[PDB]
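Just so it is clear: chains get the letters A, B, ... in the order the sequence lines come, proteins before strands, and each one is counted from 1.
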Amino acid sequence: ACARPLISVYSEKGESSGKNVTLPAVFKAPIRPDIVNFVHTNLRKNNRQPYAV
Amino acid sequence: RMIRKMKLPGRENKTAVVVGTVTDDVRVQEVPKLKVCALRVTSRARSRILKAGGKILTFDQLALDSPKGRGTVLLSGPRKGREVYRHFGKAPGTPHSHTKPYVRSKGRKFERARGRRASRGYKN
Amino acid sequence: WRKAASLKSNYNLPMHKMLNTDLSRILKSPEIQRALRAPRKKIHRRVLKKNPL
Amino acid sequence: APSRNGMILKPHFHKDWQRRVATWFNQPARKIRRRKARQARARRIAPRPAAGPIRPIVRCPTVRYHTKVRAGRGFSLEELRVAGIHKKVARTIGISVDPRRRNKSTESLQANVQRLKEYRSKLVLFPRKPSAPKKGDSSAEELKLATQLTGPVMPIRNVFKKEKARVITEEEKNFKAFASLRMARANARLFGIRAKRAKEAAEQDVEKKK
Amino acid sequence: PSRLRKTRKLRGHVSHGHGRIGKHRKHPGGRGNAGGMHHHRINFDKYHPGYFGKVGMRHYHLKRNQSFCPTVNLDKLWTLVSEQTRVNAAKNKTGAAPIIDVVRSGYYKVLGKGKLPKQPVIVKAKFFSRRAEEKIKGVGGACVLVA
Amino acid sequence: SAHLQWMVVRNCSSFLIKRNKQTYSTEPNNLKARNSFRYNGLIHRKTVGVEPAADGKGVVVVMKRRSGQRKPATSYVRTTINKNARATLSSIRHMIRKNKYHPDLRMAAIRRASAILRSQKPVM
RNA sequence: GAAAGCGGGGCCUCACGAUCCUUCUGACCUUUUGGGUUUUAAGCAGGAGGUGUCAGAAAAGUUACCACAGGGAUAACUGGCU
RNA sequence: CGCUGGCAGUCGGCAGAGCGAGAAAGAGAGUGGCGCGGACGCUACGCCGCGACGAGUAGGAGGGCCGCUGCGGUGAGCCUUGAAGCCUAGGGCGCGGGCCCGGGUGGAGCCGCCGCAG
RNA sequence: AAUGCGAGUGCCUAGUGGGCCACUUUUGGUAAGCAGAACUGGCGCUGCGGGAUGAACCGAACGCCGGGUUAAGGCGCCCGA
RNA sequence: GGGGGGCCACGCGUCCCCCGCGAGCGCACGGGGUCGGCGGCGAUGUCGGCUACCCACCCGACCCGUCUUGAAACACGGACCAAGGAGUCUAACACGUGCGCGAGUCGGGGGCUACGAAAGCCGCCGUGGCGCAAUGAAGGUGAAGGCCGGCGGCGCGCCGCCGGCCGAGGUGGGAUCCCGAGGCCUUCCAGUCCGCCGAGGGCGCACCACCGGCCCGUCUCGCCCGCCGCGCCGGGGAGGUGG
RNA sequence: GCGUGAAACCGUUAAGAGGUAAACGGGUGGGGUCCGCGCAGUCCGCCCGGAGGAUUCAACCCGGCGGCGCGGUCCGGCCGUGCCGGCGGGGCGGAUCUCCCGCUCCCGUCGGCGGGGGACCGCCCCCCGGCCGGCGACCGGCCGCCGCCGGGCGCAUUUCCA
RNA sequence: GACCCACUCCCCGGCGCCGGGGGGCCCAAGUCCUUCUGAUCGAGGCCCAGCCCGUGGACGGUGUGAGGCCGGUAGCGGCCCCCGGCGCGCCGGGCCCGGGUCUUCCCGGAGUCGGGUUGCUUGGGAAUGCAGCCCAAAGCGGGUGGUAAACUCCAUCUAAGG
Ligand SMILES: [Mg+2]
Ligand SMILES: [Mg+2]
Ligand SMILES: [Mg+2]
Ligand SMILES: [Mg+2]
Ligand SMILES: [Mg+2]
Ligand SMILES: [Mg+2]
Ligand SMILES: [Mg+2]
Ligand SMILES: [Mg+2]
Ligand SMILES: [Mg+2]
Ligand SMILES: [Mg+2]
Ligand SMILES: [Mg+2]
Ligand SMILES: [Mg+2]
Ligand SMILES: [Mg+2]
Ligand SMILES: [Mg+2]
Ligand SMILES: [Mg+2]
Ligand SMILES: [Mg+2]
Ligand SMILES: [Mg+2]
Ligand SMILES: [Mg+2]
Ligand SMILES: [Mg+2]
Ligand SMILES: [Mg+2]
Ligand SMILES: [Mg+2]
Ligand SMILES: [Mg+2]
Ligand SMILES: [Mg+2]
Ligand SMILES: [Mg+2]
Ligand SMILES: [Mg+2]
Ligand SMILES: [Mg+2]
Ligand SMILES: [Mg+2]
Ligand SMILES: [Mg+2]
Ligand SMILES: [Mg+2]
Ligand SMILES: [Mg+2]
Ligand SMILES: [Mg+2]
Ligand SMILES: [Mg+2]
Ligand SMILES: [Mg+2]
Ligand SMILES: [Mg+2]
Ligand SMILES: [Mg+2]
Ligand SMILES: [Mg+2]
Ligand SMILES: [Mg+2]
Ligand SMILES: [Mg+2]
Ligand SMILES: [Mg+2]
Ligand SMILES: [Mg+2]
Ligand SMILES: [Mg+2]
Ligand SMILES: [Mg+2]
Ligand SMILES: [Mg+2]
Ligand SMILES: [Mg+2]
Ligand SMILES: [Mg+2]
Ligand SMILES: [Mg+2]
Ligand SMILES: [Mg+2]
Ligand SMILES: [Mg+2]
Ligand SMILES: [Mg+2]
Ligand SMILES: [Mg+2]
């Protein structure tokens, strides 16, 4: 969508501090598990070592 | 092609409905305002349409606006526009067949001698 | 979606194919619901043919 | 046997190509080796620039590229002589020299001379003896701010001269470009035979007088 | 993905999709482009007309760089400069005409295919075609030659 | 949206079991424990869960409040019903019908609450 | 032929031949490479020189000293039909 | 296989429970003369309803919650209170490929689901 | 005009390119379970009922079953009648 | 038309030719089965188990693979069992399909900054490839026009020459969309809004058929226009034809 | 030559069978081996009747929490792939234009060009006012209604339990 | 050679001194309580220091399956030797040096280039390269300028030494 909420920054003790950051527009991008799978299963082959007899 | 297919008389103030992609065409200078529904609109076509002052809808927005698709003009791209269709039809090397052959490259000595010249052999 | 990426050369967030994705709220909206026919939810199973003779 | 429709392909796999196969599995290994060698060289020449000597402004030949400009191999001896730099001392202060280059033009020559002057203005020269300064070298306040340059020295950038929208004049509206191209092509093609025919016309008509 | 291939569905079938009568022999018609004159002549003439023979003059030391002449049509003439170059001349009242250098954009010859908007231009080009210069003169403009 | 994340979780969720020609869900708020859009306990804005109490007796009814949707710590409100077998069946039915809180799960909640009370009885 | 008309071979159904190469003819023709002139050479277009195994490899035997892949698609025995 | 069939209407005390019927179209708005109640459903890649049809070599296509091995994720998975493997006049499921339990043997690792690879 | 049926169109494409038999027409041959054609149907690729047996004949083509009825054939016994 | 049995015939009040809601109650040849009907046996010998172990009987039933027109063949391979065992990988091309961007697209080579030899980034690193322009052997060339006014020439039209305005073709079929003659009932007519249908009429997507138009090569017929070099110069027109 | 110890093949025990070689498909029958841990036979909901037992129902009071709110338009916030304004401040980009500065031709004068401003335009960010619209991918306080929980009061013709 | 301007510091070898590589040794925390086993490294627990350490939860061994039993691992962690680089001072040596404008002089690789022919080779096509034989040079010369040859201009290098 287009509505970007106001996320709260938490302190190291677990409680909320006074700082608020608006939600980045990255988190409203479309969810495409097919493209994530296509990118993952093609980029995961790039760290492979060759094997041969 | 969208401008010419919506410039026709009678179809003013209508929604052009595209199932494919609305791409920009840069050999045109004036863009009138257009109410657009498409699956995808390219980034430079979107800028030109919104600067012209029209609206760009998606298909859920079109379903909310006109559930029965009233006041709409369905449009589609040229289906024979692809390069694949020049190699289709009657075979090359046959009388009255302007079918593009499959060559590794084009040039002087790439399939231009025996089936093409009246001097060397024959011409179809 | 209106400001491009500053640390990349030319990258924008991708466009949404479908803005409102909650098709339940889309379908039970009065805009869509008035332009529908009556639902034919009556089940008509097969009839055992008795001989009229 | 050929299928219905397709290309006539000529694969060059008729020799023993499987013996001479070059795989690139050591490409990320040679990139790290080149990077480590580059950084070791950059630490070896500590205030000197990492790219090396300065390369001159050079036009490209062979009409596909004659509008672009490029980094050449070295400054020519004419350029160094106009700039006032000795050819056996220029290589000691990071000026790349090759003696093969000629200078057909004047504009590229003076551009490379200006290139040498602006680099000479930017050169911070350390004394040969660190404990005692010399005559033609930088002062002590510049040596402590002297750093190492990253990337090519004075990078070469293609500039285009911007021109105003001018009001078109009546004689520019009368210029026939295609007619000029065709007549210039014809006059280049027919120059020799016209001169030979004029020579024959002057040779046949001078026989009449004698 | 070998699991998606045809071979995995051909286990148990004897001829492996290749026929009982006509077996999958090694090269039953020759290797490569064999028999273009003799027994593949019908395919070579019905699909590759002109493949055999000599046409034209030879050029021994041909380098592609001498005949380098990229072309641009006049329907792409206004895309080489910015949009505020074009609209400033439209709002302009003194009749000044912007200059388009196609050699800077990487084109040598200007051909004239599409329309031009009714506003003056000064096109600098290495070569011009006749309809290209007449469509510039008709809209009102200059065709400057450069070398 | 709920439909959008259902299209992600319909086949590759960690709560999904597919064996013996059946499918289920081990989701915390999935009453009837089956994999479906209607009964999924995490994609919806208003969910109802019926679980046994921490000790031997009672039925805990869990709802999801509308305010904190991205805040799962304070999202779910929990109530404990340690009463007889009939007033809890009236109470949960009231909590769903009178509040109009996701009303197509009322008989599923009652059928789960009856099963928990039957399970908390002494065995024979 | 007065003309209507007829005729671009034989009253009709046969009398014949690709690529590569060579040879001749045709143009105030193109290229011959950094340019110019002139020979030469390469092109473009139309005929010919020929493949009769006639959609066109350049090609003599013998093997009882024999060899291989095959064939009952094919002979020399029997058995069958006649 | 076809009907490119039907179901988002589970529209509930902010309620009124329907679209099988021979005949293009609205159970339309306005303007003047006590008892707190109502089964199932809907993995929409799901569920349901009508018809018609079912041979197969060579061959082609689709579906496999058929099977083997390894990898990325995931089952707060299984396991010396007994894993893999093997045997079985035991109980079963699936049209089938195959699979799950029971008994015995054995002594240390193994499997289900979503994808990937051979 | 009658009868009946939803059609039109574009890509990619395996296997095959040894066939054989029968009513009728028909060539060579004394003839052949011989050699060679035309048309249609089969066998090949196909099980089932009958011709005792059976590539091709007669009937009839096939998902797993229950009831009924038939085709071609049959109904002394083998062997249903 | 006049003077005993079956009829899906049973109103009143007119004009006139022929002379829009009654309630109830049960029965059932009525949108596919029920009983609001019963009886026997069952703890050391009996109940159920189709499948699986063995055996018996009736009917059926030749050993598989392969080549072949035809195999059970007096055609070849095969005693039996376990393990291994045969359409793979790279390159190239075509077509279809999925994704991203889109007249652009792509960093594959290079460079920057445990898993990680991964991932990220470069844009004046997009060089370069492919696509955006074809055609000719090549020199080369290189993809709408029409109307009007004025001037010059030819003898009212044409050509050439300067200014204005209109402007990317048409015919047929064409999913979809637009208008709407009239109408979709509840006591009766006018009567506005929201919908729904519809005679007829239109703009017509993609795609197909056709007729035109434009670019390059070539052929034929021809008359003109340009100037820095007036020429074996350059440019144009009409009609076929090859791509 | 000793983990696990399959099949082919063999020995023995047990069971069954045996003159058309064995084996097989369909249909039953008989005998075994084990299993159902069979052998008096399913429970579930409502209502009625009979024997009992609770610290018990409805309605009120207090406190907490949740839902909804066209609170026609309550107060305050946040967002907008929303729109206009400004005696507003800023960053990127532009083939829109133009005081000092290097160097260059001709006498500190005088012209072209390399280089930072400056102006213009587009977009974005942050401050200001206005509406619009959202808070169902994104809410807080009072108020109103409803629901639930806990604790009181209920002393049992109510409610619940076997 | 003359006229002017400008250099007082380059290299190596020893003497002695100043801050990467190889080797050796070592550095955290449970064998804590119940419990299964033939043996535990299994299971349960260890409160409010959420058992203890963690820059160490890689691996291996130890009577199954161990971060905490042990070797190890982490750490710009430590300690002890050896070698080398990077520098400074000193001694004994060398070297006794340049740039610019005029003036006068000088300057090049031969049985090689190249030509014919033969054979191999190349994409190199009237001969790309190599080699044998024959001929055999020139000095405003010679080679190259991807079609053989003549004339005439241009452009570009300087072969047959390293
Ligand atoms: Mg084939
Ligand atoms: Mg098959
Ligand atoms: Mg085979
Ligand atoms: Mg195949
Ligand atoms: Mg074959
Ligand atoms: Mg093959
Ligand atoms: Mg032949
Ligand atoms: Mg004629
Ligand atoms: Mg005659
Ligand atoms: Mg003999
Ligand atoms: Mg003989
Ligand atoms: Mg042999
Ligand atoms: Mg035979
Ligand atoms: Mg015989
Ligand atoms: Mg079938
Ligand atoms: Mg067994
Ligand atoms: Mg064959
Ligand atoms: Mg015959
Ligand atoms: Mg058939
Ligand atoms: Mg048959
Ligand atoms: Mg008989
Ligand atoms: Mg029957
Ligand atoms: Mg009989
Ligand atoms: Mg029998
Ligand atoms: Mg065989
Ligand atoms: Mg045979
Ligand atoms: Mg066959
Ligand atoms: Mg057989
Ligand atoms: Mg026999
Ligand atoms: Mg054989
Ligand atoms: Mg044998
Ligand atoms: Mg095996
Ligand atoms: Mg594709
Ligand atoms: Mg062991
Ligand atoms: Mg053993
Ligand atoms: Mg016995
Ligand atoms: Mg261990
Ligand atoms: Mg423990
Ligand atoms: Mg360990
Ligand atoms: Mg521990
Ligand atoms: Mg330790
Ligand atoms: Mg340690
Ligand atoms: Mg260490
Ligand atoms: Mg030599
Ligand atoms: Mg050799
Ligand atoms: Mg060779
Ligand atoms: Mg020359
Ligand atoms: Mg030449
Ligand atoms: Mg040398
Ligand atoms: Mg040399």
For this session: May I ask you to say whether H:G92 and H:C93 are base-stacked, judged by six-membered ring centres under 5.5 Å apart and ring planes under 30 degrees?
Result: yes

Exercise. Would E:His59 count as stacked on G:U33 if the rule is ring centres under 5.5 Å and plane angle under 30°?
Worked result: yes

Problem set entry | Stacked pair C:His44-H:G49, distance under 5.5 Å, angle under 30° | no

Exercise. Are J:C221 and J:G237 a pair by Watson-Crick or G-U wobble criteria, both distances short of 3.5 Å?
Worked result: yes

For this session: Answer yes if H:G51 and H:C1 form a Watson-Crick or G-U wobble pair with both distances under 3.5 Å, and no otherwise.
Result: yes

Exercise. Are the ring of A:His40 and the base ring of H:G72 both nearer than 5.5 Å at their centres and tilted by less than 30°?
Worked result: no

For this session: May I ask whether J:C185 and J:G20 qualify as a Watson-Crick or G-U wobble pair, both distances being under 3.5 Å?
Result: yes

Problem set entry | Paired nucleotide for K:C65 [Watson-Crick or G-U wobble; both distances under 3.5 Å] | K:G147

Problem set entry | Donor/acceptor link under 3.5 angstrom from F:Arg38 side chain onto base of H:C42 | yes

Seminar exercise, completed: Assign each of F:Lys83 and F:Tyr101 the nucleotide of RNA chain K bearing its closest heavy atom; nearer the 5' end lies the nucleotide of F:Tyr101

Exercise. Does H:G6 stack on H:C7, meaning their six-ring centres are under 5.5 Å apart and the planes differ by under 30°?
Worked result: yes

Seminar exercise, completed: For J:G242, the nucleotide meeting Watson-Crick or G-U wobble distances (both under 3.5 Å) is J:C216

Problem set entry | Watson-Crick or G-U wobble mate for L:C120, both contacts under 3.5 Å | L:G129

For this session: Do me a favour and sort the pucker of J:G139 into north or south by its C1'-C2'-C3'-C4' torsion.
Result: north

Exercise. Considering Watson-Crick and G-U wobble pairs with both distances under 3.5 Å, what does J:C189 pair with?
Worked result: H:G32

For this session: Between D:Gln110 and F:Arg65, name the one whose nearest nucleotide on RNA chain K is closer to the 5' end.
Result: F:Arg65

Exercise. Counting only Watson-Crick and G-U wobble pairs, both distances under 3.5 Å, are J:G195 and J:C184 paired?
Worked result: yes

Exercise. Are both defining distances between G:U25 and G:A64 under 3.5 Å, such that they form a Watson-Crick or G-U wobble pair?
Worked result: no

